[PDB]
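1. Just the starting chains for now, same placement as in the complex:
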Amino acid sequence: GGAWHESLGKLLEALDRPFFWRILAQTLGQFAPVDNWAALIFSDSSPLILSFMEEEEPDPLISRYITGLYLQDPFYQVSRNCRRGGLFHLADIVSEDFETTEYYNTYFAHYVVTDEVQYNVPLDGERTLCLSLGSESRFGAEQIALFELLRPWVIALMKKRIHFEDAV
């Protein structure tokens, strides 16, 4: 104990700061091999990217994701199909032709690499706030178990962060 309370305080303190999502991903990365991350809102229009690890001349892959490739992102599709939200692991939500999509060979291979989980937080009838955590290795059952253990306050925090998002 001890160090966890100071970690929590630093995370709560960042709730109204630009680097909040970086601190949340780094906090969760203490329990799991989080190698990349993105925070975004899915909806019936283009995804709104709130923050991501490699954020900055923008990579044309980001624009391609926003203007169409996100339609092939299994995590976007689950946001339309599982309207209660939750915690999703890549292997549980892919179609069989996932590996044949352009999304897989362009955006995914670069920004996610191997495995992914996402916290999905419905914001209203149309919008879903999502925190994607990617790994160059695999998230195992012990990591998924941890993500579920922490989920009560992860999703509470995410929902409260919306108040300090200006694009929203």
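-> Arrived safely. Numbers count the residues shown, from 1 in each chain, chains lettered A, B, ... in the order given.
2. Which of the helices or strands spans residue A:159?
-> Residue A:159 is located in helix A:141-161, with elements delineated by DSSP states H and E.
3. Please name every helix or strand in contact with that helix.
-> Applying 3 or more CB pairs under 8 Å, 6 or more residues apart in numbering; DSSP states H and E, we find helix A:141-161 packed against helix A:20-28, strand A:86-89, strand A:115-122, strand A:128-135. To be clear about C-beta, it is placed using only N, CA and C from the backbone, and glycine gets the same treatment.
4. again, only this time at 10 Å
-> Under the contact definition 3 or more CB pairs under 10 Å, 6 or more residues apart in numbering; DSSP states H and E, helix A:141-161 sits against helix A:3-13, helix A:20-28, strand A:86-89, strand A:115-122, strand A:128-135.
5. Just put those in JSON lines and tack on mean neighbour count.
-> Listed next are these as JSON lines, based on neighbours: other CB atoms under 10 Å:
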{"stretch": "helix A:3-13", "mean neighbour count": "12"}
{"stretch": "helix A:20-28", "mean neighbour count": "20"}
{"stretch": "strand A:86-89", "mean neighbour count": "17"}
{"stretch": "strand A:115-122", "mean neighbour count": "22"}
{"stretch": "strand A:128-135", "mean neighbour count": "23"}
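6. Is it possible to get the ones you listed out as CSV so that each row also shows distance to residue A:67?
-> Formatted as CSV, the helices and strands packed on helix A:141-161 follow (distance: least, CB to CB, whole Å):
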stretch, distance to residue A:67
helix A:3-13, 33
helix A:20-28, 22
strand A:86-89, 24
strand A:115-122, 21
strand A:128-135, 18
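7. end-to-end on stretch A:10-26?
-> Stretch A:10-26 has its terminal residues 11 Å apart, counting by CA to CA, to the nearest Å.
8. whoops, stretch A:5-21 was the one
-> One end of stretch A:5-21 sits 18 Å from the other (CA to CA).
9. do stretch A:29-46 as well
-> OK, stretch A:29-46 end separation, CA to CA: 28 Å.
10. Flag every buried residue along it.
-> A:32-43 (16 or more other CB atoms under 10 Å).
11. show me the contacts for residue A:86.
-> A:78, A:118-122, A:148, A:151, A:155 (CB atoms under 10 Å, 6 or more residues apart in numbering).
12. quick one: which of the residues you listed is nearest to residue A:26?
-> Nearest to residue A:26 out of these is residue A:119 (CB to CB; 15.0 Å).
13. Now do the closest residue to that closest one other than its chain neighbours against residue A:157, distance only.
-> Spatial nearest neighbour of residue A:119, chain neighbours left out: residue A:131 (4.5 Å); criterion: CB to CB, 6 or more residues apart in numbering. Using CB to CB, to the nearest Å, we find residue A:131 at a distance of 10 Å from residue A:157.
14. Kindly incorporate the sequence below as chain B:
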Amino acid sequence: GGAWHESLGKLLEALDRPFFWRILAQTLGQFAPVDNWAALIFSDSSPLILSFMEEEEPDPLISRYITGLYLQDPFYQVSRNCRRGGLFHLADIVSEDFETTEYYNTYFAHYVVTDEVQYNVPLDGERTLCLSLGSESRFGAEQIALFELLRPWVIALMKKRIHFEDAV
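-> Let me add chain B to what's already shown:
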């Protein structure tokens, strides 16, 4: 473990709700004999009471506190003298004539009873956000130690709660 993460989630979820201070005091009351509580902002004018356990025909003692008796409250005086804020325990901050003040025999005896601690969070050069936790028994060293252990995220949370206070 386990139950603590759900407690934290319920507290973070309440951050924009009227009952936030009640949930914070009840969360801390799991570690200590918190029998009463109040959240308030001290300044160079009258105290602004944000929430308190017995909140509701108002007790004329509350009005008396706000219009003058707070000047004899050792926790108000420490907010003027210790401008970094912190965690304060009653016995460490009283004057010797504390027990002879009207405040002691009227407001304190009713609303606090025996012992008190307060988290003090400076808001600017003049205002101090305070969470008072009172007990009909004494807070011992083990309880003070706990309050200090949790303090990093208690005060981070308190500061963030200001965004959802409308009177402010």
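15. can you check what packs on helix A:141-161 again with chain B included?
-> The contact analysis (3 or more CB pairs under 10 Å, 6 or more residues apart in numbering or on different chains; DSSP states H and E) places helix A:141-161 against helix A:3-13, helix A:20-28, strand A:86-89, strand A:115-122, strand A:128-135, helix B:3-13.
16. which bits of chain A sit near chain B?
-> A:1-2, A:4-16, A:148-160, A:163-164 (CB under 10 Å from any CB of the partner chain).
17. Surely residue A:81 touches residue A:95?
-> No: using CB atoms under 10 Å, residue A:81 makes no contact with residue A:95, being 11.6 Å away.
18. The two: who's more crowded?
-> residue A:95 (11 against 8; other CB atoms under 10 Å in any protein chain shown).
19. And for the closest residue to that one other than its chain neighbours, the neighbour number?
-> Of all residues beyond its chain neighbours, the one nearest residue A:95 is residue A:74 (7.0 Å), with distances taken as CB to CB, 6 or more residues apart in numbering or on different chains. Neighbour count of residue A:74, defined by other CB under 10 Å: 21.
20. which residues sit in contact with residue A:74?
-> For residue A:74, the contacting residues are A:88, A:90-95, A:98, A:101, A:103-104, A:108, A:116, A:118, by CB atoms under 10 Å, 6 or more residues apart in numbering or on different chains.
21. circling back to that earlier point, CA atoms of the helix holding residue A:159 as PDB?
-> This file holds the C-alpha atoms of helix A:141-161, laid out as PDB (Å, rounded to 0.1, in the frame of the first residue of the first chain):
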ATOM      1  CA  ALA A 141      -6.700 -13.600 -18.600                       C
ATOM      2  CA  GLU A 142      -5.000 -12.100 -15.500                       C
ATOM      3  CA  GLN A 143      -4.800  -8.700 -17.300                       C
ATOM      4  CA  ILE A 144      -8.500  -8.900 -18.400                       C
ATOM      5  CA  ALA A 145      -9.400  -9.900 -14.800                       C
ATOM      6  CA  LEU A 146      -7.500  -6.800 -13.500                       C
ATOM      7  CA  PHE A 147      -9.200  -4.500 -16.100                       C
ATOM      8  CA  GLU A 148     -12.600  -5.800 -14.800                       C
ATOM      9  CA  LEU A 149     -11.500  -5.300 -11.200                       C
ATOM     10  CA  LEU A 150     -10.600  -1.600 -11.800                       C
ATOM     11  CA  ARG A 151     -13.500  -1.000 -14.200                       C
ATOM     12  CA  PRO A 152     -15.900   0.600 -11.600                       C
ATOM     13  CA  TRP A 153     -13.700   3.700 -11.100                       C
ATOM     14  CA  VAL A 154     -12.100   3.700 -14.600                       C
ATOM     15  CA  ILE A 155     -15.500   4.200 -16.200                       C
ATOM     16  CA  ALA A 156     -16.700   6.600 -13.500                       C
ATOM     17  CA  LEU A 157     -13.600   8.700 -14.100                       C
ATOM     18  CA  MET A 158     -14.000   8.600 -17.900                       C
ATOM     19  CA  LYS A 159     -17.600   9.800 -17.700                       C
ATOM     20  CA  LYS A 160     -16.500  12.700 -15.400                       C
ATOM     21  CA  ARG A 161     -13.700  13.600 -17.800                       C
END
